[PDB]
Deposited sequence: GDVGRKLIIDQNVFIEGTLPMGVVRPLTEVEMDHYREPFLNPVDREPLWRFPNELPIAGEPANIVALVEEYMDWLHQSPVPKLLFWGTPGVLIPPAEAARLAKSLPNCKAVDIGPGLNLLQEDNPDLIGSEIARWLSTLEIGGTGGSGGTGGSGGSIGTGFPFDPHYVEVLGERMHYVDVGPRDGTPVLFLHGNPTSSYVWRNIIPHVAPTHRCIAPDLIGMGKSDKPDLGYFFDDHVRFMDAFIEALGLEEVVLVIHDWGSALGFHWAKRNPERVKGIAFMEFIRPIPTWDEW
């Protein structure tokens, strides 16, 4: 497979596909932070498995059914929702995003303007502040955060933990091919009032990277165990890309524990 050779050996997903998910040009110091987890090609299996797990034309059936179920849940749920989107987008066209805010119950839409997939890198000030104005009702290239580590299923996962200890914590779930680094400029707009937790997915960021196939079920197992390892009860979700698949799948299974979902460029079944 030549496609797999480019993603694994030539790192095309990091050096090519990821810059095509941001409208503005990144800097070499920002790209160094996205490169650092995947310096060794043997650590790049998540970069290849994630797009091969996308729900496209009814395959893979296990993902398509899972995503259909939480999309069905989201349309039935009264949980407050906040939907960011940009033009032209990547996973969500601007027309389908605005139509989704109509159909979803209790959903506020936010036009961010210019955006592809990494809307956090194009306009982190609108996203972080509109989240803060939303939680009330209920640029930096470094990573200035203390590394917290918790043992999960025999492996060790890294996460960001800032903000007050009381109240409802806010769980930030990144996607492919990022890490908690993608929330570095959103978190400061929320940390002064609400606890902010931003884990790195297993095999990504600073978390441990075992010899796994890194299917979606692998992330589900590790993210379920992460949330119980931290002792989180009720949470607010801020989810993006494949993190939205984890966030929505966990919210569908534990709807009484979710107080609000802010999402953008999320996972949905694609007919063609």
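- Hey, which stretches of the deposited sequence didn't make it into the model? Seq positions lacking coordinates: 1, 140-156, 291-294.
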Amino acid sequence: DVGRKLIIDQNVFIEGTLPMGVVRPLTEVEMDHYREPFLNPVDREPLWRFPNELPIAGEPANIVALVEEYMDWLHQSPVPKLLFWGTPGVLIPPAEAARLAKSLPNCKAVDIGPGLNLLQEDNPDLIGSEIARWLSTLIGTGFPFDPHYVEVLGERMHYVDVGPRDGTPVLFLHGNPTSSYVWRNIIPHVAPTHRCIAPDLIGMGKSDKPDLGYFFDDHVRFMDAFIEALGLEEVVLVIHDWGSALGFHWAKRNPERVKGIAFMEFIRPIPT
From here on, numbers count along this sequence of modelled residues.
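- Query: Mean C-alpha B-factor higher for 184-192, or for 116-124?
  - Reply: Looking at the recorded C-alpha B-factors, 184-192 comes out higher on average.
- Query: Which of the two stretches, 245-253 or 20-28, shows the higher mean Cα temperature factor in the record?
  - Reply: Averaging CA B-factors over each stretch, the winner is 20-28.
- Message: Among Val90, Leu201, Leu74, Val162, where is the Cα B factor highest in this entry?
- Response: That would be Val162.
- Cα B factor band for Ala132 (lowest, middle or highest third within the chain): According to the entry, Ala132 has a C-alpha B-factor in the chain's highest third.
- Item | Within-chain third of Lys81 by Cα B-factor, per the entry | It belongs to the middle third of the chain when residues are ordered by C-alpha B-factor.
- Message: Per the entry's values, where does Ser179 land by CA temperature factor relative to the rest of its chain, in the lowest, middle or highest third?
- Response: Lowest third - that is where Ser179 ends up once the chain's C-alpha B-factors are sorted.
- Divide the modelled residues of the chain into thirds by Cα B-factor and specify which third, lowest, middle or highest, holds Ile227. Answer is middle: the recorded C-alpha B-factor places it there.
- Message: Please place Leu173 in the lowest, middle or highest third of its chain according to the CA B-factor in the PDB entry.
- Response: It falls in the bottom third of the chain.
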